[PDB]
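Asker: Below you will find the structure I want to go over with you.
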Amino acid sequence: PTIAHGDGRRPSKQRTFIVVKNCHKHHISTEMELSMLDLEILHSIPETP
Amino acid sequence: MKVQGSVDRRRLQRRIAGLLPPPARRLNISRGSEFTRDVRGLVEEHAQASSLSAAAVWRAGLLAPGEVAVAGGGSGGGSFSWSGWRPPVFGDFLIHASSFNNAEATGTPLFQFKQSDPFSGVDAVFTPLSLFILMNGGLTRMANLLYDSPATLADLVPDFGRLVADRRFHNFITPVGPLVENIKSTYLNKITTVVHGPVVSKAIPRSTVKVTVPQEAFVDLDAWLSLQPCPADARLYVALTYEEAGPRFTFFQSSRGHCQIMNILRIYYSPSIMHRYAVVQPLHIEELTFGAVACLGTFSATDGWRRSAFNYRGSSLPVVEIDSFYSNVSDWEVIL
Amino acid sequence: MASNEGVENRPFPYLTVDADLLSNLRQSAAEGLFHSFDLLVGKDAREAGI
Amino acid sequence: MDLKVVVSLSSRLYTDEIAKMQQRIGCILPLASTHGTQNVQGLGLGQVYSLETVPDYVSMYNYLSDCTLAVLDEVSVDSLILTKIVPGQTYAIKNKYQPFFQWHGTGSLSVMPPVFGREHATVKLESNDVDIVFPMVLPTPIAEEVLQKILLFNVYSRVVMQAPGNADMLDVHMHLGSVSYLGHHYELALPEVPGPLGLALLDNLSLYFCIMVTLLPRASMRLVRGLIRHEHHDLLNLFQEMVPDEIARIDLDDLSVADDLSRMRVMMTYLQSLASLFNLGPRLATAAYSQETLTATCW
Amino acid sequence: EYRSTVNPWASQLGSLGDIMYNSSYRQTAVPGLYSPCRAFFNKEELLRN
């Protein structure tokens, strides 16, 4: 908005601002190692206690 | 209607249906589930052994066309492109039982001297300690316990006087790879190593194999040298060096690269080249050569080569051990 | 490296306790606060054979 | 099994550089770490090749052979997605490097630093305050040709320090300055000061030369002597009627086969190891290339 | 206001201190070490603001 003034001051007419905001992306990762022996005996059927 | 061409639809779809599915990766995760039938299948790796039954062999999947066993028989079969797991290529050697000491670390890298008698049936194979005694605290006390009467090793190599003089000893020695299996027999032993493959134990209850080198000889080339990258792989090398004192054997580790390593080894051997070239031997025709280098395999950087002792005969020897080795031998490159 | 001649890796049935043992642990073993310790990482963090 | 890196940018990039980066999709550039997620600072060749420091061209080679190459796959506002190059896999790679050399089917490619220019390689990311410098790849026959051009300059520029000679600095710039190709001449950017690590590579080369010079076979020397006079050949046209005086002075004794034989045996072992000095970088094998598609299948 | 500088040998463009610590001429320098005077003598670092 604006104010009305008596002097010769140059009147600023209607004004609007258009503003834009944008998205940011974040990534995350971790690593874990496992033994082939465990990954394998996961598959086998155990024969003895 | 006319029989659709020569090709038959609904018959190629079945045949291609088997070829289509690739192996599993990138499964979605839920903390609620946190262990599923889906997560299991992605992890299980299908060991290749059996209990010796016609029905039990079908269970494990040994009778499968691909080079590696695919479990479940036909089920889950036809992927054929999964982590490119390549089986190891084993080698079998017949050895004089008095030449090889049975108390060896099961993982020690081996070297075969190429004999010069045609149509033989036995071979000459040396450990790093056998090579020490042959080439003539530390290895001196320990190698002499393992190998007494060094004559029996000198009998295998009858030209050793001549070969190390003309500086052609290295090209008759071919690296073979770490020990995997050893049968202990009275007269002619039977040794099994692994050449060009993931060094893996063939025993029934699996145990991790780690190649072992005496700490006296093993020299970390990367720390002695000390933005630079941190790559995945690191390599093991051997250097046979003809010096004034005599031939010598050393092991090296670094992840720089071949063209760089051949430069670092010349800087590393600069004190010892000057000495031999001034004290004893200035110059001759054949005697020009200094040494050679070969590559013994690739192992994972950031780890491996812990230190440990080798206990035998009430005395120890400090030894390094490398994990997840992958044997890969190249020929000798002359350094000078 | 450096088991320090005191530890057996046999798979025991361990007992869960509520206490907080993590606090400032890494820099305690690194400087010898306690002898005969072991440090297992990744593939090595598994039960041993029987 | 899974070979993918997600390089995350801290700050959004501008609409002009997302458009410039997309022209490079299918190009190789070496990243520092073999991890699933990374920063942009390890991405390019930019740290070794900066504007504030002189380009060595041999420390840059050593950076490539240590790093892990990757193929750019996808470009967005906040990411760059790549697939790393590991030994036992096959890849599909495009020919999109700016000084344009055309590839053959079933040839071998070579990876070398941006020899032809700093500006040809970089896509400047002024939004993220980084310059992403791509390496230049060539066919193997021409890549070795450029590597030799660069090394001899490190010697001859130093040998000719400040010579008013019209012959000097005009012959060594017309001979070594350019690399010709099919209907083209490509200028090389050569360093004003030959720095270290480039001379230290030529020191190793000399050591091989000091050895080989003592064991040269003489039968070889007497052959060239007879041919430069009696016969006419295109290979020997380099030598004019005049014969190198050194050879007549080196070769005086009569030929003996048993000596030239063992001279050849010792010498051949040095060339076999000499070859390791020249590769100096990663090599690719290409099995299929489409002139129009601009896509190889490298291995 | 009354003086131009305190030391021309560092203020002026081609001067000694500028030569030593400004990036335009330190091509030969080893990139590892840290220079405190870089923030004050570097041109891009001054004009970034």
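Following the order of the structure tokens, chains are lettered A, B, ..., residues in each are numbered from 1, and ligands are numbered from 1.
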Skip residue 4 of chain D itself and residues of its chain fewer than 4 positions away, then list as an MDAnalysis selection string all residues within 7 Å of it, counting only C-alpha atoms.

Answerer: chainID D and resid 36 82:84

Asker: May I have the selected residues written with N, CA and C atoms, as a PDB file, in the first residue's frame?

Answerer:
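Result saved to again33.pdb:
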```pdb
ATOM      1  N   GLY D  36      29.277 -44.406  -2.601  1.00  0.00           N
ATOM      2  CA  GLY D  36      27.982 -44.204  -3.226  1.00  0.00           C
ATOM      3  C   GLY D  36      27.564 -42.755  -3.328  1.00  0.00           C
ATOM      4  N   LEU D  82      26.679 -41.031 -11.868  1.00  0.00           N
ATOM      5  CA  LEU D  82      27.727 -41.700 -12.619  1.00  0.00           C
ATOM      6  C   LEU D  82      27.734 -43.187 -12.307  1.00  0.00           C
ATOM      7  N   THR D  83      28.349 -43.949 -13.204  1.00  0.00           N
ATOM      8  CA  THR D  83      28.616 -45.366 -13.001  1.00  0.00           C
ATOM      9  C   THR D  83      30.115 -45.589 -13.131  1.00  0.00           C
ATOM     10  N   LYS D  84      30.729 -46.103 -12.066  1.00  0.00           N
ATOM     11  CA  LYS D  84      32.176 -46.322 -12.044  1.00  0.00           C
ATOM     12  C   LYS D  84      32.672 -47.441 -12.946  1.00  0.00           C
TER      13      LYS D  84
END
```

Asker: Counting only C-alpha atoms, give me one row per residue of chain B with an atom at most 9 Å from an atom of chain D, showing the shortest contact pair and its distance in Å to one decimal, sorted by chain then residue number, as a tab-separated table.

Answerer:
```
residue	atom	partner	partner_atom	distance
B:23	CA	D:1	CA	8.9
B:25	CA	D:2	CA	7.1
B:26	CA	D:2	CA	8.1
B:82	CA	D:1	CA	6.7
B:83	CA	D:1	CA	4.8
B:84	CA	D:88	CA	7.4
B:227	CA	D:48	CA	7.7
B:228	CA	D:63	CA	7.1
B:229	CA	D:32	CA	5.1
B:230	CA	D:33	CA	6.1
B:231	CA	D:67	CA	6.0
B:232	CA	D:34	CA	7.0
B:255	CA	D:66	CA	7.5
B:256	CA	D:66	CA	5.8
B:257	CA	D:65	CA	6.4
B:258	CA	D:276	CA	7.4
B:259	CA	D:277	CA	5.6
B:260	CA	D:62	CA	7.4
B:262	CA	D:277	CA	8.0
B:263	CA	D:204	CA	7.5
B:266	CA	D:204	CA	8.6
B:285	CA	D:215	CA	7.6
B:286	CA	D:266	CA	6.9
B:288	CA	D:211	CA	8.2
B:289	CA	D:266	CA	8.5
B:332	CA	D:273	CA	8.6
B:333	CA	D:273	CA	5.2
B:334	CA	D:273	CA	5.9
B:335	CA	D:273	CA	7.7
B:336	CA	D:207	CA	7.5
```

Asker: Since we have the selection now, will you write its residues out, keeping N, CA and C atoms, as a CSV table (one decimal), in the first residue's frame?

Answerer:
```
chain,number,residue,atom,x,y,z
B,23,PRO,N,20.1,-60.6,-11.8
B,23,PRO,CA,20.2,-60.9,-10.4
B,23,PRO,C,19.7,-59.7,-9.6
B,25,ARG,N,19.5,-56.7,-6.8
B,25,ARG,CA,20.2,-55.7,-6.1
B,25,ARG,C,19.2,-54.6,-5.8
B,26,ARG,N,19.6,-53.7,-4.9
B,26,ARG,CA,18.8,-52.5,-4.6
B,26,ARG,C,17.3,-52.9,-4.1
B,82,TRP,N,26.3,-62.5,-12.2
B,82,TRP,CA,26.1,-62.1,-10.8
B,82,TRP,C,27.4,-61.9,-10.1
B,83,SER,N,27.8,-60.6,-9.9
B,83,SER,CA,29.0,-60.2,-9.3
B,83,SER,C,30.3,-60.8,-9.9
B,84,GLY,N,30.1,-61.4,-11.2
B,84,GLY,CA,31.2,-62.0,-11.9
B,84,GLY,C,32.1,-62.8,-11.1
B,227,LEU,N,46.5,-33.3,-4.0
B,227,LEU,CA,45.9,-34.4,-3.2
B,227,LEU,C,46.0,-35.7,-4.0
B,228,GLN,N,46.1,-36.8,-3.2
B,228,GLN,CA,46.2,-38.1,-3.9
B,228,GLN,C,44.9,-38.9,-3.7
B,229,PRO,N,44.5,-39.7,-4.7
B,229,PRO,CA,43.3,-40.5,-4.6
B,229,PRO,C,43.5,-41.7,-3.7
B,230,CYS,N,42.4,-42.2,-3.2
B,230,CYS,CA,42.4,-43.5,-2.4
B,230,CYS,C,41.6,-44.5,-3.2
B,231,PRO,N,42.3,-45.4,-4.0
B,231,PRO,CA,41.6,-46.4,-4.8
B,231,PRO,C,41.2,-47.6,-4.0
B,232,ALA,N,40.5,-48.5,-4.7
B,232,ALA,CA,40.0,-49.7,-4.1
B,232,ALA,C,41.2,-50.7,-3.9
B,255,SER,N,49.7,-49.0,-3.9
B,255,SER,CA,48.5,-48.8,-4.8
B,255,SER,C,48.7,-47.7,-5.8
B,256,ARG,N,49.9,-47.2,-6.1
B,256,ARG,CA,50.2,-46.2,-7.0
B,256,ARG,C,49.8,-46.6,-8.4
B,257,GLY,N,50.6,-47.5,-9.0
B,257,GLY,CA,50.4,-47.9,-10.4
B,257,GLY,C,51.7,-48.4,-10.9
B,258,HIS,N,51.7,-49.0,-12.1
B,258,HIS,CA,52.8,-49.7,-12.6
B,258,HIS,C,53.9,-48.8,-13.0
B,259,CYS,N,53.6,-47.8,-13.9
B,259,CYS,CA,54.6,-46.9,-14.3
B,259,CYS,C,55.2,-46.1,-13.2
B,260,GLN,N,54.4,-45.8,-12.1
B,260,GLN,CA,55.0,-45.1,-11.0
B,260,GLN,C,55.8,-46.1,-10.2
B,262,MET,N,57.6,-48.7,-10.9
B,262,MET,CA,58.9,-48.9,-11.5
B,262,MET,C,59.8,-47.7,-11.3
B,263,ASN,N,59.2,-46.5,-11.1
B,263,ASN,CA,60.0,-45.4,-10.7
B,263,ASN,C,60.4,-45.4,-9.3
B,266,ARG,N,63.3,-47.7,-8.3
B,266,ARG,CA,64.6,-47.3,-8.7
B,266,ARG,C,65.2,-46.3,-7.7
B,285,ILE,N,79.6,-57.7,-19.8
B,285,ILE,CA,78.5,-57.8,-20.8
B,285,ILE,C,77.2,-58.3,-20.2
B,286,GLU,N,77.2,-59.5,-19.7
B,286,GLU,CA,76.0,-60.1,-19.1
B,286,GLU,C,75.7,-59.6,-17.8
B,288,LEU,N,75.5,-56.9,-16.5
B,288,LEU,CA,74.9,-55.6,-16.4
B,288,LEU,C,73.6,-55.6,-15.5
B,289,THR,N,72.8,-56.6,-15.6
B,289,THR,CA,71.5,-56.6,-15.0
B,289,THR,C,71.6,-56.4,-13.5
B,332,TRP,N,58.4,-61.0,-15.3
B,332,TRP,CA,59.4,-60.2,-14.6
B,332,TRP,C,59.8,-59.0,-15.5
B,333,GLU,N,59.9,-57.8,-14.9
B,333,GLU,CA,60.3,-56.6,-15.6
B,333,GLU,C,61.7,-56.2,-15.0
B,334,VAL,N,62.7,-56.0,-15.8
B,334,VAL,CA,64.0,-55.7,-15.4
B,334,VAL,C,64.0,-54.3,-14.8
B,335,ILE,N,64.5,-54.1,-13.6
B,335,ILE,CA,64.8,-52.8,-13.0
B,335,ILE,C,66.2,-52.5,-13.1
B,336,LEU,N,66.6,-51.3,-13.6
B,336,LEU,CA,68.0,-50.8,-13.6
B,336,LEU,C,68.0,-49.4,-14.1
```

Asker: Set out as a Markdown table a contact list for chain B and chain A with a cut-off of 10 Å, giving each residue of chain B that qualifies its closest atom pair and distance in Å to one decimal, counting only C-alpha atoms, ordered by chain and rising residue number.

Answerer:
```
| residue | atom | partner | partner_atom | distance |
| --- | --- | --- | --- | --- |
| B:40 | CA | A:42 | CA | 8.5 |
| B:41 | CA | A:43 | CA | 9.1 |
| B:42 | CA | A:39 | CA | 10.0 |
| B:43 | CA | A:39 | CA | 6.3 |
| B:44 | CA | A:39 | CA | 5.1 |
| B:45 | CA | A:40 | CA | 5.1 |
| B:46 | CA | A:40 | CA | 5.6 |
| B:47 | CA | A:40 | CA | 5.1 |
| B:48 | CA | A:40 | CA | 8.8 |
| B:49 | CA | A:44 | CA | 9.6 |
| B:50 | CA | A:44 | CA | 9.5 |
| B:51 | CA | A:47 | CA | 9.8 |
| B:59 | CA | A:44 | CA | 9.7 |
| B:60 | CA | A:44 | CA | 8.4 |
| B:71 | CA | A:43 | CA | 8.9 |
| B:205 | CA | A:37 | CA | 9.5 |
| B:206 | CA | A:37 | CA | 7.0 |
| B:207 | CA | A:37 | CA | 8.0 |
| B:208 | CA | A:37 | CA | 8.5 |
```

Asker: Write out as a ChimeraX atom specification which residues come within 10 Å of residue 201 of chain B when counting only C-alpha atoms, dropping same-chain ones fewer than 5 positions away.

Answerer: /B:106-107,179-181,193-194,206-210

Asker: Please, which residues of chain D lie no more than 8 Å from chain A when the count uses only C-alpha atoms, and can they be set out as an mmCIF file with C-alpha atoms, in the first residue's frame?

Answerer:
```cif
data_model
loop_
_atom_site.group_PDB
_atom_site.id
_atom_site.type_symbol
_atom_site.label_atom_id
_atom_site.label_comp_id
_atom_site.auth_asym_id
_atom_site.auth_seq_id
_atom_site.Cartn_x
_atom_site.Cartn_y
_atom_site.Cartn_z
ATOM 1 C CA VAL D 6 25.567 -39.821 -6.619
ATOM 2 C CA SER D 8 25.566 -33.970 -4.677
ATOM 3 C CA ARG D 12 21.663 -25.173 -7.313
ATOM 4 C CA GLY D 36 27.982 -44.204 -3.226
ATOM 5 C CA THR D 37 27.681 -40.501 -2.394
ATOM 6 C CA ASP D 78 21.318 -30.673 -7.806
#
```

Asker: Run DSSP on the backbone and give me the residues of segment 1-46 of chain C it puts in alpha helix (DSSP H), as a ChimeraX atom specification.

Answerer: /C:26-29

Asker: Can you write just those residues out, N, CA, C and O atoms, as a PDB file, in the first residue's frame?

Answerer:
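The resulting file, result-v2.pdb, is shown below:
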```pdb
ATOM      1  N   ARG C  26      36.736 -45.470  22.121  1.00  0.00           N
ATOM      2  CA  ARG C  26      37.773 -45.631  21.104  1.00  0.00           C
ATOM      3  C   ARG C  26      39.109 -45.092  21.591  1.00  0.00           C
ATOM      4  O   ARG C  26      40.126 -45.791  21.550  1.00  0.00           O
ATOM      5  N   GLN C  27      39.127 -43.853  22.070  1.00  0.00           N
ATOM      6  CA  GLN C  27      40.355 -43.251  22.570  1.00  0.00           C
ATOM      7  C   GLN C  27      40.791 -43.812  23.912  1.00  0.00           C
ATOM      8  O   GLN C  27      41.797 -43.347  24.455  1.00  0.00           O
ATOM      9  N   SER C  28      40.059 -44.768  24.477  1.00  0.00           N
ATOM     10  CA  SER C  28      40.525 -45.426  25.689  1.00  0.00           C
ATOM     11  C   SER C  28      41.399 -46.623  25.354  1.00  0.00           C
ATOM     12  O   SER C  28      42.455 -46.824  25.963  1.00  0.00           O
ATOM     13  N   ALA C  29      40.972 -47.435  24.388  1.00  0.00           N
ATOM     14  CA  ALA C  29      41.785 -48.567  23.965  1.00  0.00           C
ATOM     15  C   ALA C  29      43.004 -48.115  23.183  1.00  0.00           C
ATOM     16  O   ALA C  29      44.045 -48.777  23.222  1.00  0.00           O
TER      17      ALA C  29
END
```

Asker: For atom CA of residue 26 of chain E and atom CA of residue 122 of chain D, quote the distance in Å rounded to one decimal.

Answerer: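 Computing the Euclidean distance for atom CA of residue 26 of chain E and atom CA of residue 122 of chain D yields 21.9 Å.
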
Asker: Separation of atom CA of residue 177 of chain B and atom CA of residue 307 of chain B, in Å?

Answerer: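 Going from atom CA of residue 177 of chain B over to atom CA of residue 307 of chain B covers 20.2 Å.
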
Asker: How many Å lie between atom CA of residue 139 of chain D and atom CA of residue 108 of chain D, rounded to one decimal?

Answerer: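 It comes out at 6.0 Å.
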
Asker: Extract, using only C-alpha atoms, all DNA, RNA and protein residues at most 7 Å from segment 17-28 of chain D, discarding same-chain residues fewer than 3 positions from it, and format them as a PyMOL selection string.

Answerer: chain D and resi 13-14+69-77+93-94+96+123+125

Asker: Could you give me, as an MDAnalysis selection string, the residues within 12 Å of segment 1-11 of chain E, counting only C-alpha atoms and dropping anything in the same chain fewer than 6 positions from it?

Answerer: chainID E and resid 17:22 37 40:41

Asker: Take the selection from the previous step and output its residues with N, CA and C atoms, as a short mmCIF file (atom, residue, chain, number, x, y, z; two decimals), in the first residue's frame.

Answerer:
```cif
data_model
loop_
_atom_site.label_atom_id
_atom_site.label_comp_id
_atom_site.auth_asym_id
_atom_site.auth_seq_id
_atom_site.Cartn_x
_atom_site.Cartn_y
_atom_site.Cartn_z
N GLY E 17 54.76 -6.85 -1.68
CA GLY E 17 53.87 -7.72 -0.93
C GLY E 17 52.78 -8.32 -1.79
N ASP E 18 52.25 -7.53 -2.73
CA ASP E 18 51.30 -8.05 -3.69
C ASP E 18 51.91 -9.17 -4.51
N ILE E 19 53.15 -8.98 -4.96
CA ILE E 19 53.86 -10.01 -5.71
C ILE E 19 53.96 -11.29 -4.90
N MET E 20 54.25 -11.16 -3.60
CA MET E 20 54.52 -12.35 -2.80
C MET E 20 53.25 -13.12 -2.50
N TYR E 21 52.16 -12.43 -2.15
CA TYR E 21 50.99 -13.13 -1.62
C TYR E 21 49.79 -13.17 -2.55
N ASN E 22 49.81 -12.45 -3.67
CA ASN E 22 48.69 -12.49 -4.60
C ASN E 22 48.84 -13.65 -5.57
N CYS E 37 48.25 -14.17 4.79
CA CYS E 37 48.09 -12.94 4.03
C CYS E 37 47.31 -13.13 2.73
N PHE E 40 44.01 -11.19 2.53
CA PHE E 40 44.16 -9.75 2.39
C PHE E 40 44.74 -9.33 1.06
N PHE E 41 45.53 -10.19 0.40
CA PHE E 41 46.17 -9.80 -0.84
C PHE E 41 45.58 -10.42 -2.09
#
```

Asker: Identify, on the basis of only C-alpha atoms, every residue whose closest approach to residue 225 of chain D does not exceed 12 Å; exclude the query and any residue fewer than 5 positions from it along the same chain; express the result as a PyMOL selection string.

Answerer: chain D and resi 218-220+230-231+236+239-251

Asker: Residues within 12 Å of residue 316 of chain B, please, as a PyMOL selection string. Count only C-alpha atoms; anything in the same chain fewer than 3 positions from it doesn't count.

Answerer: chain B and resi 137-139+141-143+145-146+214-215+308-313+319

Asker: Counting only C-alpha atoms, which residues in chain E sit no more than 12 Å from chain B? For each one, give the nearest pair of atoms and the distance in Å, sorted by chain then residue number, as a tab-separated table.

Answerer:
```
residue	atom	partner	partner_atom	distance
E:30	CA	B:227	CA	11.7
E:31	CA	B:227	CA	9.5
E:32	CA	B:227	CA	8.8
```

Asker: Write the residues of the preceding selection, restricted to N, CA and C atoms, as a PDB file, in the first residue's frame.

Answerer:
```pdb
ATOM      1  N   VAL E  30      54.197 -24.324  -3.908  1.00  0.00           N
ATOM      2  CA  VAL E  30      53.598 -25.610  -3.540  1.00  0.00           C
ATOM      3  C   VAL E  30      52.212 -25.359  -2.955  1.00  0.00           C
ATOM      4  N   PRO E  31      51.176 -26.063  -3.419  1.00  0.00           N
ATOM      5  CA  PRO E  31      49.806 -25.716  -3.009  1.00  0.00           C
ATOM      6  C   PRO E  31      49.446 -26.138  -1.596  1.00  0.00           C
ATOM      7  N   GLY E  32      50.289 -26.912  -0.918  1.00  0.00           N
ATOM      8  CA  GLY E  32      49.890 -27.463   0.367  1.00  0.00           C
ATOM      9  C   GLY E  32      49.754 -26.416   1.456  1.00  0.00           C
TER      10      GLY E  32
END
```

Asker: Please find the residues of chain C near chain B - the criterion being any atom within 12 Å, counting only C-alpha atoms - and write them as a list in words.

Answerer: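 Close to chain B, chain C has residues 1, 2, 3, 4, 40, 41, 42, 43, 44, 48, 49 and 50 of chain C.
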
Asker: Show me a table, sorted first by chain and then by increasing residue number, of the residues of chain E having an atom at most 8 Å from chain D, each with its shortest atom pair and the distance in Å to one decimal, counting only C-alpha atoms and written as a Markdown table.

Answerer:
```
| residue | atom | partner | partner_atom | distance |
| --- | --- | --- | --- | --- |
| E:23 | CA | D:52 | CA | 6.2 |
| E:24 | CA | D:52 | CA | 7.0 |
| E:26 | CA | D:52 | CA | 7.1 |
| E:27 | CA | D:53 | CA | 4.5 |
| E:28 | CA | D:53 | CA | 6.6 |
| E:29 | CA | D:53 | CA | 7.4 |
| E:31 | CA | D:53 | CA | 7.8 |
```

Asker: Could you write out, as a tab-separated table (two decimals) with N, CA and C atoms, in the first residue's frame, all the residues of segment 37-152 of chain D that DSSP marks as strand (DSSP E or B)?

Answerer:
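Final output, saved to result.tsv:
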```
chain	number	residue	atom	x	y	z
D	37	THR	N	28.02	-41.92	-2.41
D	37	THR	CA	27.68	-40.50	-2.39
D	37	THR	C	28.94	-39.69	-2.15
D	38	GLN	N	29.10	-38.59	-2.89
D	38	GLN	CA	30.32	-37.81	-2.84
D	38	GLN	C	30.02	-36.34	-3.03
D	68	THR	N	39.66	-43.63	-9.97
D	68	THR	CA	38.72	-44.60	-10.52
D	68	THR	C	37.81	-43.88	-11.50
D	69	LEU	N	37.89	-44.26	-12.77
D	69	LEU	CA	37.14	-43.56	-13.80
D	69	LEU	C	35.66	-43.87	-13.68
D	70	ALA	N	34.83	-42.96	-14.18
D	70	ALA	CA	33.39	-43.14	-14.17
D	70	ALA	C	32.80	-42.49	-15.41
D	71	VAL	N	31.62	-42.95	-15.80
D	71	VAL	CA	30.93	-42.45	-16.98
D	71	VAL	C	29.76	-41.61	-16.51
D	72	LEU	N	29.71	-40.36	-16.96
D	72	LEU	CA	28.58	-39.50	-16.62
D	72	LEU	C	27.31	-40.06	-17.25
D	73	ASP	N	26.26	-40.16	-16.46
D	73	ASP	CA	25.01	-40.79	-16.89
D	73	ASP	C	23.84	-39.83	-16.95
D	74	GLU	N	23.69	-38.95	-15.97
D	74	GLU	CA	22.51	-38.12	-15.86
D	74	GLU	C	22.85	-36.84	-15.13
D	75	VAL	N	22.28	-35.73	-15.58
D	75	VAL	CA	22.54	-34.41	-15.03
D	75	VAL	C	21.22	-33.78	-14.62
D	79	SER	N	22.37	-32.62	-8.88
D	79	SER	CA	23.05	-33.90	-8.82
D	79	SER	C	23.76	-34.17	-10.14
D	80	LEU	N	24.70	-35.10	-10.07
D	80	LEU	CA	25.35	-35.68	-11.24
D	80	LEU	C	25.53	-37.16	-10.94
D	81	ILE	N	24.94	-38.02	-11.76
D	81	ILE	CA	24.88	-39.45	-11.49
D	81	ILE	C	25.84	-40.17	-12.43
D	82	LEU	N	26.68	-41.03	-11.87
D	82	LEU	CA	27.73	-41.70	-12.62
D	82	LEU	C	27.73	-43.19	-12.31
D	83	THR	N	28.35	-43.95	-13.20
D	83	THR	CA	28.62	-45.37	-13.00
D	83	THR	C	30.11	-45.59	-13.13
D	84	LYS	N	30.73	-46.10	-12.07
D	84	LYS	CA	32.18	-46.32	-12.04
D	84	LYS	C	32.67	-47.44	-12.95
D	91	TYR	N	31.27	-51.41	-20.87
D	91	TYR	CA	30.59	-50.13	-20.78
D	91	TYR	C	30.28	-49.58	-22.17
D	92	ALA	N	29.26	-48.73	-22.24
D	92	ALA	CA	28.90	-48.01	-23.45
D	92	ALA	C	29.22	-46.53	-23.26
D	93	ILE	N	30.16	-46.02	-24.05
D	93	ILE	CA	30.71	-44.68	-23.86
D	93	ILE	C	30.64	-43.91	-25.17
D	94	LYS	N	30.33	-42.62	-25.07
D	94	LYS	CA	30.16	-41.76	-26.23
D	94	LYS	C	31.43	-40.96	-26.52
D	108	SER	N	41.79	-49.36	-29.65
D	108	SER	CA	42.10	-49.15	-28.25
D	108	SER	C	42.19	-47.67	-27.96
D	109	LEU	N	41.50	-47.22	-26.92
D	109	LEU	CA	41.47	-45.82	-26.54
D	109	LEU	C	42.39	-45.57	-25.35
D	110	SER	N	42.86	-44.34	-25.24
D	110	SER	CA	43.77	-43.93	-24.19
D	110	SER	C	43.23	-42.69	-23.49
D	111	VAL	N	43.55	-42.55	-22.21
D	111	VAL	CA	43.08	-41.43	-21.39
D	111	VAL	C	44.28	-40.57	-21.02
D	112	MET	N	44.22	-39.29	-21.37
D	112	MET	CA	45.29	-38.35	-21.05
D	112	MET	C	44.72	-37.01	-20.61
D	122	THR	N	37.11	-27.68	-19.52
D	122	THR	CA	36.36	-27.26	-18.35
D	122	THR	C	34.94	-26.84	-18.68
D	123	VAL	N	34.01	-27.28	-17.85
D	123	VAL	CA	32.71	-26.64	-17.72
D	123	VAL	C	32.73	-25.91	-16.38
D	124	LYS	N	32.74	-24.58	-16.43
D	124	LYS	CA	32.86	-23.81	-15.20
D	124	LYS	C	31.53	-23.78	-14.47
D	125	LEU	N	31.55	-24.19	-13.22
D	125	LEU	CA	30.39	-24.13	-12.35
D	125	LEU	C	30.62	-22.97	-11.40
D	130	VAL	N	33.31	-24.17	-8.59
D	130	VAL	CA	34.22	-25.23	-9.02
D	130	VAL	C	34.29	-25.22	-10.54
D	131	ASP	N	35.40	-25.71	-11.06
D	131	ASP	CA	35.57	-25.95	-12.49
D	131	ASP	C	35.73	-27.45	-12.69
D	132	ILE	N	34.82	-28.06	-13.44
D	132	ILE	CA	34.88	-29.49	-13.69
D	132	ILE	C	35.69	-29.72	-14.96
D	133	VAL	N	36.87	-30.31	-14.80
D	133	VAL	CA	37.82	-30.48	-15.90
D	133	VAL	C	37.76	-31.93	-16.36
D	136	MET	N	40.91	-35.82	-21.64
D	136	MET	CA	40.81	-36.04	-23.08
D	136	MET	C	41.16	-37.48	-23.38
D	137	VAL	N	40.34	-38.15	-24.17
D	137	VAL	CA	40.64	-39.51	-24.60
D	137	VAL	C	40.90	-39.50	-26.10
D	138	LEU	N	41.79	-40.38	-26.52
D	138	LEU	CA	42.30	-40.43	-27.88
D	138	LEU	C	42.38	-41.88	-28.32
D	139	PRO	N	42.49	-42.14	-29.61
D	139	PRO	CA	42.95	-43.45	-30.05
D	139	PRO	C	44.38	-43.66	-29.61
```
